[PDB]
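Participant: I have a structure here, written as structure tokens, and I will follow up with some questions on it.
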Ligand SMILES: O=c1[nH]c(=O)c2[nH]c(=O)n(C[C@@H](O)[C@H](O)[C@H](O)CO)c2[nH]1
Ligand SMILES: O=c1[nH]c(=O)c2[nH]c(=O)n(C[C@@H](O)[C@H](O)[C@H](O)CO)c2[nH]1
Ligand SMILES: O=c1[nH]c(=O)c2[nH]c(=O)n(C[C@@H](O)[C@H](O)[C@H](O)CO)c2[nH]1
Ligand SMILES: O=c1[nH]c(=O)c2[nH]c(=O)n(C[C@@H](O)[C@H](O)[C@H](O)CO)c2[nH]1
Ligand SMILES: O=c1[nH]c(=O)c2[nH]c(=O)n(C[C@@H](O)[C@H](O)[C@H](O)CO)c2[nH]1
Ligand SMILES: [K+]
Ligand SMILES: [K+]
Ligand SMILES: [K+]
Ligand SMILES: [K+]
Ligand SMILES: [K+]
Ligand SMILES: [K+]
Ligand SMILES: [K+]
Ligand SMILES: [K+]
Ligand SMILES: [K+]
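Chains as they are written, first to last, in the numbering used here: chain A, 6 to 151; chain B, 4 to 150; chain C, 6 to 151; chain D, 4 to 150; chain E, 4 to 150.
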């Protein structure tokens with residue numbers, strides 16, 4: 006996976022968790038032979054798909070990272086619905102893997118357990134990057150060459 | 004700073020007070036970021052927002068949507084919100100322009116007041132949405148083509 | 006408001022309420038100077054989007070009126086889902102406001118109370134027309150002239 | 004009259020008895036409206052309906068989709084009905100052709116029988132879906148260009 | 004005899020044993036139908052399927068999608084299923100190609116095992132998806148232009 010162009014875009018709402026998710030992503034890339042990928046920051050999860058649409062015109066793969074926790078209003082449902090619609094529409098418009106590494110949890114302890122911190126049980130940020138990179142290599146084999 | 008961006012705000016009128024509070028907080032962030040007079044447009048309900056926002060998109064770098072939708076005794080709450088979701092998301096990708104979602108979705112009237120930026124409110128979503136739109140407009144400019 | 010082309014498309018399912026909706030829309034059209042709007046009838050709410058798509062080709066605003074009441078099956082949810090997706094896609098393809106005056110209630114007494122009958126609480130049929138006319142008048146001032 | 008309209012019907016196969024009962028009511032209405040032999044095509048499941056409906060819309064004025072989806076023990080039910088709702092809605096507007104939704108969504112099997120047009124049923128949705136398609140086509144015919 | 008049709012299969016890897024069980028059933032239906040060597044591609048997750056299926060569609064008459072999504076402790080379940088539903092439905096209509104939906108969605112692991120087609124399973128949904136893709140392909144072939 007040395008010749009694949011990778012991009013990462015991560016939101017900033019709930020800072021501590023997002024930094025953990027970006028850390029797993031970066032570590033997976035460097036171990037797979039990719040030094041410095043393109044990393045872009047945004048404020049919220051709803052602003053992700055419009056930045057990924059721009060990034061897909063120059064890269065082989067995009068990894069989107071975020072965290073959305075349930076509150077006391079039905080606001081949770083609609084923030085997650087946009088990300089679902091947006092990323093799916095960007096993937097098929099540009100024929101590029103967009104990996105969804107956006108966490109959707111009920112409590113904030115669950116979000117901490119899936120970010121890849123010292124005592125976490127999981128790192129879905131690392132999973133997402135492996136997902137994007139493997140797909141990119143697959144598309145390269147299936148396409149016109151040699 | 005964000006002095007060079009073209010910004011538009013579109014806000015509905017259903018529930019006057021809360022809408023007037025959301026517009027107030029949005030205007031204060033715009034002014035503090037260097038933008039004195041943005042394009043402000045009023046509409047009746049939240050369903051009319053996406054079509055007006057599509058018009059603003061072909062002349063602006065950032066569009067901010069403001070409104071309030073409170074749950075009644077019929078499932079009418081669900082489908083008003085569903086319309087705003089699909090509309091604002093499709094507009095954003097057709098025009099390659101960030102559209103901020105600052106339309107409140109609450110169960111009670113108290114909650115809606117508490118997130119509107121009034122004297123004794125817990126937060127202001129209208130101010131939050133305007134920061135979301137300007138910052139994403141500045142990012143796209145850096146990513147896009149310049150000398 | 007007299008220079009506005011206005012089309013109204015009303016469903017037939019639950020006849021009594023539909024005619025109450027349609028006459029509320031008529032009164033507020035006539036009061037705003039528009040004596041004779043284009044009125045088209047359809048049977049089910051599902052058939053509204055396709056007819057509105059046609060009416061958008063030579064009108065400034067379209068109003069959609071209907072009634073959907075919940076039964077013993079999840080059928081209620083999918084009828085509303087179609088209406089939501091259709092009118093949203095019709096408004097954005099033709100850059101025309103399409104007012105959503107389709108009533109969605111749990112019991113029948115609720116749908117009567119929102120129809121604008123002699124002793125009802127309010128009239129959503131009139132509200133939807135004011136919504137279309139005002140938005141049409143807004144798009145007029147924003148667009149090219151003179 | 005109403006005999007100038009060309010009609011197409013696509014019905015899935017999942018659940019034997021009920022699909023045939025839906026097609027029967029559809030067939031009765033068409034012949035009663037002057038249309039003796041409409042284009043009938045069979046598919047396996049409800050997910051395969053949209054893609055055949057897209058093909059039939061290229062030389063027909065109206066298309067009727069028929070089928071049955073009954074709830075099981077997994078959330079599978081929700082996602083079969085989403086694909087049908089999304090698919091047909093896209094097809095109807097792409098081709099500017101009415102696509103009638105006569106696919107049943109029920110919690111039990113006894114509910115799906117009662118709405119299929121059987122000897123002891125309370126109603127028949129297959130007949131209602133066809134009427135909806137023919138009427139809408141005739142309306143579009145009048146609204147569109149003719150000498 | 005479906006010896007003429009060009010078939011592609013795309014199967015995710017999340018939950019290894021079940022994804023092997025799904026693909027085994029799909030290969031066997033293809034082999035009995037006269038199709039010896041189909042195009043088999045693997046991916047990591049279910050979200051990754053629609054984009055690989057879109058590439059496969061440019062060169063095949065039908066595509067089969069296989070995978071497993073089991074519910075957890077967070078609302079994550081709904082959203083992974085939502086993306087698969089939207090993606091596949093849009094791909095099938097864009098390309099005018101049947102895309103069979105053999106991605107399992109269950110509440111327990113024991114339920115996903117029972118519909119995969121193991122030695123003691125109740126059913127095999129992998130085989131069911133392929134039969135759906137092949138039959139629809141032959142139908143579109145009959146409906147489309149030929150001398
Ligand atoms: O196929 C999957 N089944 C699951 O139960 C499950 N849970 C889960 O988190 N994923 C992730 C997978 O769909 C994607 O690789 C990822 O979400 C995209 O970045 C998956 N994938
Ligand atoms: O990433 C987010 N996580 C949340 O829990 C959450 N709650 C919340 O209100 N936002 C805002 C974000 O979705 C948008 O930027 C905002 O709606 C402005 O359009 C976010 N963003
Ligand atoms: O306007 C409707 N209100 C309802 O409560 C209801 N229930 C119901 O089954 N329909 C059918 C109608 O939307 C369509 O004509 C039908 O789906 C056939 O395409 C309708 N229409
Ligand atoms: O902003 C709104 N909040 C609500 O709770 C609510 N409920 C409600 O019925 N409307 C009307 C609005 O969506 C539209 O103007 C109307 O549907 C006409 O198309 C609104 N608007
Ligand atoms: O018509 C159907 N009704 C159901 O309840 C049901 N459940 C179910 O799994 N299918 C399969 C069908 O949607 C597709 O042919 C299958 O998913 C392969 O793409 C169907 N089809
Ligand atoms: K690319
Ligand atoms: K190749
Ligand atoms: K723009
Ligand atoms: K640049
Ligand atoms: K127009
Ligand atoms: K002007
Ligand atoms: K046609
Ligand atoms: K005409
Ligand atoms: K093909």
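Using N, Cα and C, we set each Cβ at its ideal position, and we do this for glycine too.
Give me the pocket residues for ligand 7, defined as CB within less than 6 angstroms of any heavy atom, sorted by chain position.
Facilitator: A:147 and A:148
Participant: Output, in chain order, the set of chain A residues within a Cβ distance shorter than 9 angstroms of residue 93 (chain E).
Facilitator: 93, 94 and 97
Participant: One question on the structure: do residue 141 (chain C) and residue 45 (chain C) come within less than 7 angstroms of each other, judged by their Cβ atoms?
Facilitator: no
Participant: Look up residue 142 (chain B) in the DSSP assignment and give the residues it is bridged to.
Facilitator: For residue 142 (chain B), which the question treats as bridged, DSSP gives no partner whatsoever.
Participant: Contact criterion: CB-CB distance below 7 angstroms. Does residue 147 (chain A) meet it with respect to chain E?
Facilitator: Cβ-Cβ to chain E under 7 angstroms: yes for residue 147 (chain A).
Participant: Below 8 angstroms, can you find three or more Cβ-Cβ pairs linking the region 51–63 of chain D to the region 39–56 of chain C?
Facilitator: no
Participant: Between the alpha carbons of residue 111 (chain D) and residue 75 (chain B), how many angstroms are there, rounded?
Facilitator: 30 angstroms
Participant: May I ask whether a heavy atom of ligand 8 can be found less than 6 angstroms away from the beta carbon of residue 100 (chain B)?
Facilitator: Yes - ligand 8 has a heavy atom lying nearer than 6 angstroms to the Cβ of residue 100 (chain B).
Participant: Evaluate contact between the region 132–140 of chain A and the region 94–105 of chain A, counting only Cβ atoms and requiring at least three cross-stretch pairs below 8 angstroms.
Facilitator: Touching, yes, given that three or more Cβ pairs across the two stretches are closer than 8 angstroms.
Participant: Can you tell me whether residue 124 (chain C) is buried or exposed, with buried defined as 16 or more other CB within 10 angstroms of its CB?
Facilitator: By the 10 Å Cβ count, residue 124 (chain C) comes out exposed.
Participant: Out of E:36, E:93 and E:41, point me to the one whose CA is closest to residue 6 (chain E)'s CA.
Facilitator: For the options E:36, E:93 and E:41, the alpha carbon positioned closest to that of residue 6 (chain E) is the one of E:36.
Participant: Measure from the C-beta of residue 85 (chain B) to each C-beta in chain C and report whether the shortest distance is under 7 angstroms.
Facilitator: Chain C, which has a Cβ nearer than 7 angstroms to the Cβ of residue 85 (chain B), makes this yes.
Participant: Taking contact to mean at least 3 C-beta pairs separated by less than 8 angstroms, is the region 76–91 of chain B in contact with the region 80–87 of chain A?
Facilitator: yes
Participant: If we call anything under 7 angstroms between Cβ atoms a contact, is residue 68 (chain D) one with residue 91 (chain D)?
Facilitator: yes
Participant: Tell me the DSSP bridge mates of residue 46 (chain C)?
Facilitator: C:15
Participant: At a cut-off of 6 angstroms, is residue 126 (chain C) close to ligand 10 when judged by its beta-carbon and the heavy atoms of the ligand?
Facilitator: no
Participant: By Cβ distance below 8 angstroms, which residues in the same chain neighbour residue 136 (chain E) in space, the five residues on each side in sequence not counted?
Facilitator: 10, 65, 66, 67, 101, 102 and 103
Participant: Relative to the C-alpha of residue 126 (chain E), which candidate in E:25, E:18, E:70 and E:20 has its C-alpha closest?
Facilitator: E:25
Participant: Return no unless some Cβ of chain E is closer than 7 angstroms to the Cβ of residue 42 (chain A).
Facilitator: no
Participant: Could you compute how far the alpha carbon of residue 61 (chain E) sits from the alpha carbon of residue 73 (chain A)?
Facilitator: 37 angstroms
Participant: Which residues share a DSSP beta bridge with residue 128 (chain C)?
Facilitator: C:120
Participant: Let me check understanding here. Comparing Cα to Cα, which of D:142, D:98, D:70 and D:147 lies closest to residue 17 (chain D)?
Facilitator: D:70
Participant: How is the beta strand (DSSP E) around residue 69 (chain D) delimited, first residue to last?
Facilitator: Looking at the DSSP string, the run of the beta strand (DSSP E) that includes residue 69 (chain D) is 65–73.
Participant: Sort A:143, A:60 and A:94 by Cα distance to residue 164 (chain B) and report the nearest one.
Facilitator: This structure leaves residue 164 (chain B) out entirely; chain B is present only between 4 and 150.
Participant: Using the three-state DSSP reduction, which class does residue 22 (chain C) fall into: helix, strand or coil?
Facilitator: helix
Participant: Can you find a CB in chain A that lies within less than 7 angstroms of the CB of residue 10 (chain E)?
Facilitator: no
Participant: Of all the options A:114, A:95, A:23 and A:139, which has the alpha carbon lying nearest to the alpha carbon of residue 34 (chain A)?
Facilitator: For residue 34 (chain A), the closest C-alpha among the options A:114, A:95, A:23 and A:139 is that of A:139.
Participant: Does the beta-carbon of residue 86 (chain E), which I'm using as the reference point, lie nearer than 6 angstroms to any heavy atom of ligand 6?
Facilitator: no
Participant: To the nearest angstrom, how far is the alpha carbon of residue 22 (chain D) from that of residue 88 (chain E)?
Facilitator: 24 angstroms
Participant: Does any CB atom of chain E fall closer than 7 angstroms to the CB of residue 48 (chain D)?
Facilitator: yes
Participant: Per DSSP, which residues does residue 51 (chain C) bridge with? Please list them.
Facilitator: According to DSSP, residue 51 (chain C) bridges with nothing at all.
Participant: Give me the Cα-Cα distance between residue 113 (chain E) and residue 12 (chain D), rounded to the nearest whole angstrom.
Facilitator: 39 angstroms
Participant: Distance, Cα to Cα, residue 30 (chain B) vs residue 94 (chain C)?
Facilitator: Each residue's alpha carbon lies about 31 angstroms from the other.
Participant: Report the neighbours of residue 90 (chain A) on chain E: residues whose CB is nearer than 8 angstroms to its CB, in chain order.
Facilitator: Scanning chain E for C-beta atoms nearer than 8 angstroms to the C-beta of residue 90 (chain A) yields 89, reported in chain order.
Participant: Within 7 angstroms of any Cβ in chain D, is that where the Cβ of residue 123 (chain C) sits?
Facilitator: no
Participant: List the residues of chain G whose Cβ lies closer than 9 angstroms to the Cβ of residue 53 (chain E), in chain order.
Facilitator: You won't find chain G in this structure, because its protein chains are A, B, C, D and E.
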